[PDB]
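To start, the structure under review is shown below, and the notes come after it.
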Amino acid sequence: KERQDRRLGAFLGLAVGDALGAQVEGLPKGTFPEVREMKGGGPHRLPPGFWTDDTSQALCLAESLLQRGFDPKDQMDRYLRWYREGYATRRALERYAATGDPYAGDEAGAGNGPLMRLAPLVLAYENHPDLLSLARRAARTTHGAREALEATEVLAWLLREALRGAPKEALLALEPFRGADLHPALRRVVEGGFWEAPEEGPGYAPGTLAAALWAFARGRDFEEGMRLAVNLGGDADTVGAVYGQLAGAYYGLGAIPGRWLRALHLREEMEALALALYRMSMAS
């Protein structure tokens with residue numbers, strides 16, 4: 001159960017962070033009382049425990065992986081179907097709808113969207129030799145900027161190592177990326193830019209990753225780090241979700257506040273998905 005706990009933690013942690021962060025999405029840091037509980041709210045009056053369309057994407061990706069392995073075309077079919085059933089990423093979806101090209105992300109897409117759906121992929125392809133390559137392809141479906149693709153690869157590595165029990169010190173050391181040829185902004189993050197508290201929750205991929213790493217570094221447990229992450233305001237839903245995936249894999253499901261999990265929308269459905277993805281990683 002110890003091992004399963006890490007996979008469930010990474011998956012549910014993503015949703016928990018998305019739900020909590022959504023409560024203060026768009027608010028400047030230090031202009032609102034400390035967020036500590038699942039109260040819902042935010043610009044979209046979300047009910048307590050409800051998450052954003054981004055977690056919806058992670059769920060679609062999870063289902064795609066379980067049904068037909070790594071299939072970017074199917075991933076986009078699902079995102080598009082979900083997109084139209086509702087009322088940079090939409091541009092990617094419309095590009096795919098018109099051209100059939102699954103890797104519809106453009107060079108202008110340096111946003112943090114791809115970081116929102118890492119967990120599902122790593123849970124299922126943890127042991128695949130081309131994991132980082134798969135992560136890059138999954139990011140390319142909606143975002144094409146160098147730094148967004150590389151940030152996704154770094155998070156993929158972080159999650160794989162965390163799931164394998166790597167210590168916090170090793171995760172933050174980011175050894176394989178030190179001296180690597182990365183976009184300048186991401187290089188600054190890997191070299192220690194995350195040790196300093198950010199002035200807000202960034203929407204830019206490298207900045208979002210740095211904010212999550214900062215919260216992970218300073219937090220002593222899942223709850224403390226999560227609160228640090230979401231209280232940065234800004235794109236708190238995504239920063240919270242990125243922190244949630246990493247901290248969830250590191251601390252485990254059992255370490256996530258029970259009241260947050262009990263309030264979480266589709267908790268049971270996600271637990272089932274997480275376990276199924278983990279099972280898939282241990283099979284053929």
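By convention in this document, the chains of the structure tokens carry letters A, B, ... by their order, each chain's residues are numbered from 1, and ligands are numbered from 1 in the order they are shown.
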
Margin query: Please extract the residues of range 41-193 of chain A with a backbone DSSP assignment of alpha helix (DSSP H) and present them as a PyMOL selection string.
Written below: chain A and resi 53-68+72-84+89-99+118-125+131-140+146-163+168-173+184-190

Item to complete: Determine which residues of range 6-245 of chain A receive a DSSP assignment of strand (DSSP E or B), computed from the backbone, and state them as a VMD selection string.
Response: chain A and resid 41 46 111 204

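Within 8 Å of residue 213 in chain A, once only C-alpha atoms are used and residues closer than 3 positions along the same chain are dropped, the contacting residues are residues 172, 194, 195, 209, 210, 216, 217 and 243 of chain A.
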
Include N, CA, C and O atoms and write out the residues we just selected as a JSON list (two decimals), in the first residue's frame.
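Result went into again_16.json, see below:
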[["chain", "number", "residue", "atom", "x", "y", "z"],
["A", 172, "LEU", "N", 15.12, 18.46, -5.29],
["A", 172, "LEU", "CA", 15.46, 19.87, -5.47],
["A", 172, "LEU", "C", 16.82, 20.08, -6.14],
["A", 172, "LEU", "O", 17.05, 21.12, -6.75],
["A", 194, "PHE", "N", 14.32, 28.80, -7.51],
["A", 194, "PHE", "CA", 13.14, 28.48, -6.71],
["A", 194, "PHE", "C", 13.31, 28.64, -5.20],
["A", 194, "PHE", "O", 12.33, 28.55, -4.46],
["A", 195, "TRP", "N", 14.54, 28.87, -4.73],
["A", 195, "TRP", "CA", 14.76, 29.02, -3.30],
["A", 195, "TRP", "C", 14.14, 30.31, -2.76],
["A", 195, "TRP", "O", 13.81, 30.40, -1.57],
["A", 209, "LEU", "N", 6.62, 26.27, -12.30],
["A", 209, "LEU", "CA", 7.42, 25.17, -11.76],
["A", 209, "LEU", "C", 8.23, 25.67, -10.57],
["A", 209, "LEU", "O", 8.29, 25.02, -9.54],
["A", 210, "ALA", "N", 8.84, 26.85, -10.72],
["A", 210, "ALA", "CA", 9.64, 27.42, -9.64],
["A", 210, "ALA", "C", 8.80, 27.68, -8.39],
["A", 210, "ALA", "O", 9.26, 27.47, -7.27],
["A", 216, "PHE", "N", 7.35, 23.42, -2.15],
["A", 216, "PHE", "CA", 7.76, 22.08, -1.75],
["A", 216, "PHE", "C", 8.98, 22.16, -0.83],
["A", 216, "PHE", "O", 9.05, 21.48, 0.19],
["A", 217, "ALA", "N", 9.92, 23.03, -1.19],
["A", 217, "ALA", "CA", 11.13, 23.21, -0.40],
["A", 217, "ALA", "C", 10.86, 23.75, 1.00],
["A", 217, "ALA", "O", 11.45, 23.28, 1.98],
["A", 243, "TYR", "N", 2.16, 21.73, -7.37],
["A", 243, "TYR", "CA", 2.68, 21.39, -6.06],
["A", 243, "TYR", "C", 2.00, 20.11, -5.59],
["A", 243, "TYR", "O", 2.64, 19.21, -5.05]]

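The closest residue to residue 203 in chain A, picked from A:254, A:13, A:165, A:114 and counting only C-alpha atoms, is A:114.
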
Within 9 Å of residue 89 in chain A, counting only C-alpha atoms, which residues qualify if same-chain residues fewer than 4 places away don't, as a PDB file with N, CA, C and O atoms, in the first residue's frame?
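Final file, out04.pdb:
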ATOM      1  N   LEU A  93      -7.000  23.492 -29.755  1.00  0.00           N
ATOM      2  CA  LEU A  93      -8.098  22.576 -30.015  1.00  0.00           C
ATOM      3  C   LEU A  93      -8.765  22.860 -31.358  1.00  0.00           C
ATOM      4  O   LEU A  93      -9.110  21.935 -32.094  1.00  0.00           O
ATOM      5  N   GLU A  94      -8.945  24.138 -31.678  1.00  0.00           N
ATOM      6  CA  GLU A  94      -9.563  24.506 -32.947  1.00  0.00           C
ATOM      7  C   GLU A  94      -8.609  24.214 -34.106  1.00  0.00           C
ATOM      8  O   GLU A  94      -9.043  23.919 -35.224  1.00  0.00           O
ATOM      9  N   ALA A 104      -0.976  20.240 -31.836  1.00  0.00           N
ATOM     10  CA  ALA A 104      -1.467  21.552 -32.233  1.00  0.00           C
ATOM     11  C   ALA A 104      -0.989  22.749 -31.431  1.00  0.00           C
ATOM     12  O   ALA A 104      -1.517  23.848 -31.592  1.00  0.00           O
ATOM     13  N   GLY A 105      -0.004  22.549 -30.564  1.00  0.00           N
ATOM     14  CA  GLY A 105       0.503  23.665 -29.785  1.00  0.00           C
ATOM     15  C   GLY A 105       1.426  24.505 -30.646  1.00  0.00           C
ATOM     16  O   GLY A 105       2.075  23.981 -31.551  1.00  0.00           O
ATOM     17  N   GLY A 109       2.948  29.272 -27.166  1.00  0.00           N
ATOM     18  CA  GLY A 109       2.395  28.639 -25.983  1.00  0.00           C
ATOM     19  C   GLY A 109       3.437  28.292 -24.942  1.00  0.00           C
ATOM     20  O   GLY A 109       3.949  27.175 -24.927  1.00  0.00           O
ATOM     21  N   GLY A 113      -0.117  25.245 -18.805  1.00  0.00           N
ATOM     22  CA  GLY A 113      -1.110  24.213 -19.049  1.00  0.00           C
ATOM     23  C   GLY A 113      -0.622  22.772 -19.059  1.00  0.00           C
ATOM     24  O   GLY A 113      -1.257  21.901 -18.462  1.00  0.00           O
ATOM     25  N   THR A 141       0.656  18.818 -27.514  1.00  0.00           N
ATOM     26  CA  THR A 141      -0.714  18.795 -28.002  1.00  0.00           C
ATOM     27  C   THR A 141      -1.358  20.172 -27.840  1.00  0.00           C
ATOM     28  O   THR A 141      -2.199  20.568 -28.646  1.00  0.00           O
ATOM     29  N   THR A 142      -0.943  20.913 -26.815  1.00  0.00           N
ATOM     30  CA  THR A 142      -1.518  22.229 -26.569  1.00  0.00           C
ATOM     31  C   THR A 142      -0.534  23.391 -26.444  1.00  0.00           C
ATOM     32  O   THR A 142      -0.925  24.547 -26.620  1.00  0.00           O
ATOM     33  N   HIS A 143       0.729  23.092 -26.140  1.00  0.00           N
ATOM     34  CA  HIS A 143       1.751  24.129 -25.973  1.00  0.00           C
ATOM     35  C   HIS A 143       3.025  23.773 -26.727  1.00  0.00           C
ATOM     36  O   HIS A 143       3.523  22.653 -26.616  1.00  0.00           O
TER      37      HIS A 143
END

Write out as a JSON list (two decimals) with N, CA and C atoms, in the first residue's frame the residues lying within 12 Å of residue 166 in chain A, counting only C-alpha atoms and excluding same-chain residues fewer than 2 positions away.
[["chain", "number", "residue", "atom", "x", "y", "z"],
["A", 6, "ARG", "N", 1.67, 6.54, -2.95],
["A", 6, "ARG", "CA", 2.36, 7.61, -3.66],
["A", 6, "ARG", "C", 1.67, 7.98, -4.97],
["A", 157, "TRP", "N", 10.40, 14.16, -14.65],
["A", 157, "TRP", "CA", 11.52, 13.59, -13.92],
["A", 157, "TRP", "C", 11.24, 13.68, -12.42],
["A", 158, "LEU", "N", 10.82, 14.85, -11.97],
["A", 158, "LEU", "CA", 10.52, 15.06, -10.56],
["A", 158, "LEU", "C", 9.49, 14.06, -10.04],
["A", 159, "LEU", "N", 8.41, 13.86, -10.79],
["A", 159, "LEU", "CA", 7.38, 12.94, -10.35],
["A", 159, "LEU", "C", 7.86, 11.50, -10.34],
["A", 160, "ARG", "N", 8.62, 11.11, -11.36],
["A", 160, "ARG", "CA", 9.11, 9.74, -11.41],
["A", 160, "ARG", "C", 10.01, 9.46, -10.21],
["A", 161, "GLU", "N", 10.92, 10.39, -9.94],
["A", 161, "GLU", "CA", 11.84, 10.22, -8.82],
["A", 161, "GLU", "C", 11.11, 10.22, -7.48],
["A", 162, "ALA", "N", 10.13, 11.11, -7.33],
["A", 162, "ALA", "CA", 9.37, 11.17, -6.09],
["A", 162, "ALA", "C", 8.62, 9.86, -5.86],
["A", 163, "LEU", "N", 8.01, 9.33, -6.92],
["A", 163, "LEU", "CA", 7.26, 8.09, -6.82],
["A", 163, "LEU", "C", 8.17, 6.93, -6.43],
["A", 164, "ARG", "N", 9.45, 7.05, -6.77],
["A", 164, "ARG", "CA", 10.42, 6.01, -6.46],
["A", 164, "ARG", "C", 11.06, 6.17, -5.08],
["A", 168, "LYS", "N", 13.71, 14.58, -0.65],
["A", 168, "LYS", "CA", 13.48, 15.96, -1.05],
["A", 168, "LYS", "C", 14.76, 16.63, -1.54],
["A", 169, "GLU", "N", 15.87, 16.39, -0.86],
["A", 169, "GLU", "CA", 17.14, 17.00, -1.25],
["A", 169, "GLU", "C", 17.54, 16.64, -2.68],
["A", 170, "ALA", "N", 17.32, 15.39, -3.07],
["A", 170, "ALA", "CA", 17.67, 14.94, -4.41],
["A", 170, "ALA", "C", 16.74, 15.56, -5.46],
["A", 171, "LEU", "N", 15.46, 15.66, -5.12],
["A", 171, "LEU", "CA", 14.48, 16.24, -6.03],
["A", 171, "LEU", "C", 14.83, 17.70, -6.34],
["A", 172, "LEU", "N", 15.12, 18.46, -5.29],
["A", 172, "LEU", "CA", 15.46, 19.87, -5.47],
["A", 172, "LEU", "C", 16.82, 20.08, -6.14],
["A", 173, "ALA", "N", 17.70, 19.09, -6.03],
["A", 173, "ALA", "CA", 19.03, 19.18, -6.64],
["A", 173, "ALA", "C", 18.95, 19.12, -8.16],
["A", 174, "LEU", "N", 17.91, 18.48, -8.68],
["A", 174, "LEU", "CA", 17.70, 18.38, -10.13],
["A", 174, "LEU", "C", 18.99, 18.05, -10.87],
["A", 246, "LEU", "N", 3.59, 16.85, -7.13],
["A", 246, "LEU", "CA", 4.90, 16.55, -6.57],
["A", 246, "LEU", "C", 4.84, 16.17, -5.10],
["A", 247, "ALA", "N", 4.18, 17.01, -4.31],
["A", 247, "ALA", "CA", 4.05, 16.76, -2.88],
["A", 247, "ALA", "C", 3.20, 15.52, -2.63],
["A", 249, "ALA", "N", 3.05, 12.82, -4.52],
["A", 249, "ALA", "CA", 3.90, 11.66, -4.78],
["A", 249, "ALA", "C", 4.93, 11.48, -3.67],
["A", 250, "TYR", "N", 5.43, 12.59, -3.14],
["A", 250, "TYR", "CA", 6.45, 12.57, -2.09],
["A", 250, "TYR", "C", 5.93, 12.19, -0.70],
["A", 251, "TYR", "N", 4.84, 12.82, -0.28],
["A", 251, "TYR", "CA", 4.25, 12.57, 1.04],
["A", 251, "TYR", "C", 3.25, 11.42, 1.04]]

_Need the shell around residue 138 in chain A: protein/DNA/RNA residues with any atom at most 9 Å away, counting only C-alpha atoms. Skip same-chain ones fewer than 3 positions apart. Format as a VMD selection string?_
chain A and resid 70 to 72 75 103 114 117 to 118 121 133 to 135 141 to 142 152

Contact residues around residue 191 in chain A with only C-alpha atoms at 9 Å, ignoring same-chain residues under 4 positions, as a compact mmCIF listing (two decimals) with N, CA and C atoms, in the first residue's frame:
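Just written: result10.txt:
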# COMPACT_ATOMS: atom_id res chain seq x y z
N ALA A 173 17.70 19.09 -6.03
CA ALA A 173 19.03 19.18 -6.64
C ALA A 173 18.95 19.12 -8.16
N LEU A 174 17.91 18.48 -8.68
CA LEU A 174 17.70 18.38 -10.13
C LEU A 174 18.99 18.05 -10.87
N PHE A 177 19.63 17.85 -14.77
CA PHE A 177 19.38 19.07 -15.52
C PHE A 177 20.43 20.14 -15.30
N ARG A 178 21.31 19.92 -14.32
CA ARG A 178 22.36 20.88 -14.02
C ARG A 178 23.37 20.88 -15.16
N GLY A 179 23.53 22.03 -15.80
CA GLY A 179 24.47 22.13 -16.91
C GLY A 179 23.86 21.72 -18.24
N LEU A 186 14.43 28.63 -17.69
CA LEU A 186 14.31 27.36 -16.99
C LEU A 186 15.65 27.00 -16.35
N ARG A 187 16.74 27.39 -17.00
CA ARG A 187 18.06 27.11 -16.45
C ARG A 187 18.19 27.83 -15.11

From the list A:58, A:124, A:253, A:92, the nearest residue to residue 279 in chain A using only C-alpha atoms is A:124

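Minimum distance to residue 202 in chain A across A:131, A:236, A:122, A:182 (counting only C-alpha atoms) occurs at A:236.
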
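The residue that comes closest to residue 60 in chain A, out of A:283, A:230, A:116, A:242 and on the basis of only C-alpha atoms, is A:116.
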
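A straight line drawn from CA of residue 78 in chain A to CA of residue 132 in chain A is 22.5 Å long.
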
From CA of residue 25 in chain A to CA of residue 235 in chain A the spacing works out at 5.4 Å
